[PDB]
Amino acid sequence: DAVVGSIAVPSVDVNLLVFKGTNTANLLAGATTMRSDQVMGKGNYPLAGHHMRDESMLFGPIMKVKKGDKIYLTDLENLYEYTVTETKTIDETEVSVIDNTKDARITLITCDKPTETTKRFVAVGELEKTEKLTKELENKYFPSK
């Protein structure tokens, strides 16, 4: 499989699998990494997720994310907790929001519409804490089916 872990935003009912690489195959599977080099809990961790007509799917609901909602990320070894600090709409050409940073952060990227658009909604969250993933934490923040 191409799964590397999970991401969860409980305030907007987002609970998805994280895939390695943003390609046409992984488009509807879940959240997808955008750089080959990005590491969880370190630098910038950009993730892309499609905005479908069904607003509840994938990264659709992160349109309604506010600061400072929690974003949970895991590689099934560690639980990485981020806190939303900025939400914005940008043009798709502004690739700068994908680049790595010195601060530990997560960058959620989705289309601002389910239709064709050159505009992207971006949610940035700063890392607040890191801890070992346990059964209880996994089931709490990344719960099943």
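Don't overthink the numbering: it's just position in the shown sequence, from 1.
Can you tell me which stretch has the higher mean Cα B-factor, 96-104 or 72-80?
Of 96-104 and 72-80, the stretch with the higher C-alpha B-factor average is 96-104.
Between 4-12 and 136-144, point out the one with the higher average CA B-factor as the PDB entry records it.
Averaging CA B-factors over each stretch, the winner is 136-144.
Highest Cα B-factor in the PDB entry belongs to which of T118, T110, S36, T32?
The listed residue with the largest C-alpha B-factor is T118.
What third of the chain, by the recorded C-alpha B-factor, contains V122?
Middle third - that is where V122 ends up once the chain's C-alpha B-factors are sorted.
Would you mind ranking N26 by its C-alpha B-factor against the rest of the chain and naming the third, lowest, middle or highest?
Ranked within chain, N26 CA B lands in the highest tercile.
C-alpha B factor of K88, ranked within the chain: lowest, middle or highest third?
As the PDB entry reports it, the C-alpha B-factor of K88 lands in the middle third of its chain.
Hey, what third does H51 fall into on Cα B-factor, ranked over its chain?
Ranked within chain, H51 CA B lands in the lowest tercile.
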